[PDB]
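Just one chain follows, in the form deposited in one PDB entry, and it is written as structure tokens.
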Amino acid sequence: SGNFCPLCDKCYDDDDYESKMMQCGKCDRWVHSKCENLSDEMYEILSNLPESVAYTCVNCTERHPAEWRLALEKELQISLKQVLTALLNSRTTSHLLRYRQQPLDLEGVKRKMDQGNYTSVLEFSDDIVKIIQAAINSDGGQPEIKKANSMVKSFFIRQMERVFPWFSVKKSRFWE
């Protein structure tokens, strides 16, 4: 009916799905997300990798870094970049946000992205929400600007929900 996590030795029931754990494809043991030093974001992303990418515990992993760790790292960057290129390639948003005049604009977001400094979906989305909301606060009551900013806002939210279904973009602290 159960066993113990091979790392922390806490017990678990085979039928208890109210936990955050991964099951090793080789020994069948379950390991806590925390025991692999995985954040909640990474656990969600891991849950979405292809079935062909098996999780393997520390005991059953013969080659380090484990294949799932490589796939997870790449999947995160790919997913983030996906959203960023879609914005950079969007005429309207690029127009209004890529170049302005800590990321002050989408170009700043890219430099950060390229330097490999983005790990958190929350931080990435927050940086973009800040840029969008900043444009909105300075619409100047100009109606064509508002319509435009409202459109890039919905576009961003849709891009985020599709790439990161488990993430609440609408809850961002930076929306006003």
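Take the two forms, superpose them, and find the largest set of C-alpha atoms that agree within 1.5 Å; that set is the rigid core. Numbering starts at 1 and follows the sequence shown.
Another form exists, deposited in another entry; not displayed. Remarks below refer to it.
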- Query: When you overlay the rigid core, is the Cα of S52 off by 2 Å or more between this form and the one not shown?
  - Reply: yes
- Once the core is aligned, please say if the CA of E67 is shifted by at least 2 angstroms between this form and the one not shown. yes
- Item | Rigid core superposed: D126 CA moves 2 Å or more between this form and the one not shown | no
- in that other deposited form, shift in Cα separation for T61 relative to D14, 3 Å or more: farther
